[PDB]
Amino acid sequence: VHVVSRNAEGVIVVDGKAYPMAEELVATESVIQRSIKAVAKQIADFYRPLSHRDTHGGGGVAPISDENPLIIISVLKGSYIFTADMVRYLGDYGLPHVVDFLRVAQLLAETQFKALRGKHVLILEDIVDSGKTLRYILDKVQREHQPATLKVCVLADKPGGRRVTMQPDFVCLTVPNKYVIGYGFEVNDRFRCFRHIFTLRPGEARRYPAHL
Amino acid sequence: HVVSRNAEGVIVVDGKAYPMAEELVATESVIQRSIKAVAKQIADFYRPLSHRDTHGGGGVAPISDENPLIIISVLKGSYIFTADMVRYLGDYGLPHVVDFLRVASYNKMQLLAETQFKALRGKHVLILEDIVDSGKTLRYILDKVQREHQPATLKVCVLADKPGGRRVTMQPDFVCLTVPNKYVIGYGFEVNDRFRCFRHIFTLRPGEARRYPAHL
Ligand SMILES: O=c1[nH]cnc2c(CNC[C@@H](O)CP(=O)(O)O)c[nH]c12
Ligand SMILES: O=c1[nH]cnc2c(CNC[C@@H](O)CP(=O)(O)O)c[nH]c12
C-alpha cells in the first residue's frame, strides 16, 4: 500500500505524485488514519464512562450523552482537517460530542459556546512543538469557561522542540525535530491538502513571502 | 453500504441505528464520489486561468503555488466538506489556499468571524459552503466579499443544493449533491451541533428538531 520512490530529479514520489518541497516522508495517509482512529478509540473509551454538569435537564451531574455531550474545542486554522477526520472516528466509536472553534495566530476568533462550566472539554490541536500555543489556549479556556476537566489531543508531538512544559493527554503521531508539511501542516497556507506528512527542505519556509 | 430499517422501523446503515432519521439521502460512498467529481470540475475550470501576481509583485500570472486559487470556507457546517474537497483538489493538482469566515442570522444576516486574507483584489475567489437553501446566507457573503475584497472573479461550490428552499435567486456554480426539501443532518449538517460527525446525510424526523433546546 503506497508506492514511495524518488524520480531522476531526486524528488520524492508517493503514488505517482512528486513533492519537490519535501526532504523526507514522515507518514503515509494509511499510517496517519490508522493512528488517528486508534486515538479516537482511546478518547471514546476514556470519556464515555464520565459524567459532568447537566445543562439539558436542570442539574446536577449526568453522563456524557447526546443531551450533555463532550465539548471539543478545535484550534483553527491548523487543526480543521485533523478535526474533520477525528470527529468521524469518534462518531464510529459512539462518543457523544459537539465541536466549536477558536482561531489563534493573538486570538482572532472566540468560541460561541457559553455553557462549558463544569463540563469535560477536549482541545483538538495540530501539533505541540514549543508548547507555548497550548499553554496560552489552556490558560484562556480554564479561566473563561471553568471546565470540570480540560485535556488536549494533538495529531503530532515534536518532543525535541519544547521551550515550556506541555504534555498532551492524547498523541496520534510523533514527528521528527524538523519542519513538517502536509495533512494540515503548511508553509504560508501551502501544502495543507497533502494526504501524507513530509519534512520540508531547509530554507523553503520562506518560499512564499507575500502576505495572502 | 447496507441501508435498511430494524424491527422498530429505525434506519440502520452498516449496522448503526439512526433513530432521529426520517430517510437516508446519501451514503458516504455517494457523497465522496460526488465531491471528487466536482473537485475535477473545479480543477479543470481554474487550472488554465491567471490573476493578480502578488508573489512577483507583477501584473498577472497563472494560478500556481506562488499565486494560488483563494478558497473561503463558510464555518461551521462546511469544515468537514472542505477538509475532503481540498484533498481531492490536491489529487487533481489545483494550487489553492483556504481561509474561513462565519455567518449567522438573527431573519437578517450578521458576520460572526472575518477572513484574515488581506490581498484578494484581482484574485479568483471560490466560496465553499455546506448548503444553499433560501439563498440568503450566500447572497450576503457574495455581496460582502465582492465589495470588500474586489476579487477578479467570485464563484460558489456547495456540497448540497435544496432546490425548493429558494427565496432569493442563487445557483452555485458547482453543486456536489441535490437534497430533498427537508431538514438534512449528517456530514456537517446539525441539530444544535449534534449529528455533524455522521458519514451519511439523512432527512430529520420532524419531532427531533427541538430535542436539544439548551444553548451550548
Ligand atoms: O513543524 C511545523 N510545521 C508547520 N507549522 C509549525 C508550527 C506552527 N504552528 C504550530 C505551533 O504554533 C505550535 P507551538 O510551537 O507553539 O507549540 C510549529 N511547528 C510547525
Ligand atoms: O437542511 C439543513 N440542515 C441543517 N442546517 C440547515 C440550514 C442552516 N445553515 C445553512 C443556511 O443558513 C443557508 P440559507 O438558508 O440561508 O441558504 C439550512 N438548511 C439546513
Side-chain angles (χ1 to χ4, degrees), chain A residues 21 26 75-79 104-106 123 125-138 152 154-168 173 175-192 194 197-200 204-205, chain B residues 25 74-78 81 102-105 109-110 112 127 129-142 156 158-172 177 179-196 198 201-204 208-209:
Chain A
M21 69 293 297
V26 176
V75 184
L76 290 176
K77 294 197 299 191
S79 74
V104 183
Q106 296 298 333
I123 300 173
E125 176 63 304
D126 55 348
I127 189 165
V128 58
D129 186 348
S130 67
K132 302 213 258 190
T133 298
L134 278 165
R135 283 197 75 87
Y136 171 84
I137 296 166
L138 282 163
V152 179
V154 297
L155 165 68
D157 177 15
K158 189 190 306 187
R162 288 291 189 286
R163 309 301 183 202
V164 300
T165 305
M166 183 55 58
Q167 182 49 44
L173 300 160
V175 294
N177 189 9
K178 287 159 82 178
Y179 194 104
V180 294
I181 54 164
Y183 192 67
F185 297 117
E186 49 73 35
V187 171
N188 197 5
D189 272 305
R190 281 72 166 187
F191 315 145
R192 293 195 194 268
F194 301 164
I197 296 164
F198 304 85
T199 39
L200 185 71
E204 294 278 314
Chain B
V25 174
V74 185
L75 293 170
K76 288 199 301 193
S78 77
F81 167 51
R102 189 173 176 179
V103 280
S105 59
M109 301 299 305
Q110 178 170 324
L112 273 174
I127 307 300
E129 174 66 303
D130 55 347
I131 190 162
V132 55
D133 186 341
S134 67
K136 297 169 204 140
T137 296
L138 277 166
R139 180 74 281 151
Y140 176 72
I141 291 165
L142 285 166
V156 182
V158 295
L159 162 71
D161 173 10
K162 187 184 306 185
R166 289 299 186 284
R167 301 297 178 262
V168 298
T169 314
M170 186 59 232
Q171 194 57 38
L177 298 165
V179 297
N181 193 14
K182 294 294 215 304
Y183 195 87
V184 290
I185 56 159
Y187 195 68
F189 300 120
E190 51 140 26
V191 167
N192 195 9
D193 269 301
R194 281 73 162 184
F195 315 146
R196 294 199 197 262
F198 296 165
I201 298 165
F202 306 86
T203 57
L204 188 73
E208 301 277 321

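Worth knowing before you read on, the calculation uses all heavy atoms, side chains too, and leaves out hydrogens, waters and symmetry mates. Each chain gets a letter, A, B and so on, in the order the sequences are listed, and its residues count up from 1. Remember, it's 1-based here, ligands and their atoms both numbered in the order they're listed.
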Check ring pair (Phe, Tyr, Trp, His ring centres under 6.0 Å) between A:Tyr183 and all other residues, then give those that pass, not counting sequence neighbours.
none
By salt bridge (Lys or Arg N to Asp or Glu O under 4.0 Å) - contacts of B:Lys182 (at least two apart)
none
In terms of ring plane angle, is the pair A:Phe194 and A:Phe198 parallel, tilted or perpendicular, where the classes change at 30° and 60°?
perpendicular
Are the charged groups of A:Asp157 and A:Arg162 less than 4.0 angstrom apart, N to O?
yes
Present, as a list of atom pairs with distances to 0.1 Å, all nitrogen or oxygen contacts under 3.5 Å between ligand 1 and the protein.
from     : atom 1 : to       : atom 2 : distance (Å)
ligand 1 : 1 (O)  : A:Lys158 : NZ     : 3.1
ligand 1 : 1 (O)  : A:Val180 : N      : 3.1
ligand 1 : 3 (N)  : A:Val180 : O      : 2.8
ligand 1 : 12 (O) : A:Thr133 : OG1    : 3.2
ligand 1 : 15 (O) : A:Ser130 : N      : 3.2
ligand 1 : 15 (O) : A:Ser130 : OG     : 3.0
ligand 1 : 16 (O) : A:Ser130 : OG     : 3.0
ligand 1 : 16 (O) : A:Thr133 : N      : 3.1
ligand 1 : 16 (O) : A:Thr133 : OG1    : 2.7
ligand 1 : 17 (O) : A:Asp129 : N      : 3.2
ligand 1 : 17 (O) : A:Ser130 : N      : 3.4
ligand 1 : 17 (O) : A:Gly131 : N      : 3.1
ligand 1 : 19 (N) : A:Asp129 : OD2    : 3.1

Any residue meeting side chain to side chain donor-acceptor pair (under 3.5 Å) with A:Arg192, in chain and number order, not counting sequence neighbours:
A:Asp189
Between B:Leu159 and B:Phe189, does the side-chain contact (heavy atoms from CB on, under 4.5 Å) criterion hold? Intermediate values first, please.
CA-CA 11 Å; B:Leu159 162 71; B:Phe189 300 120; 3.8 Å; yes
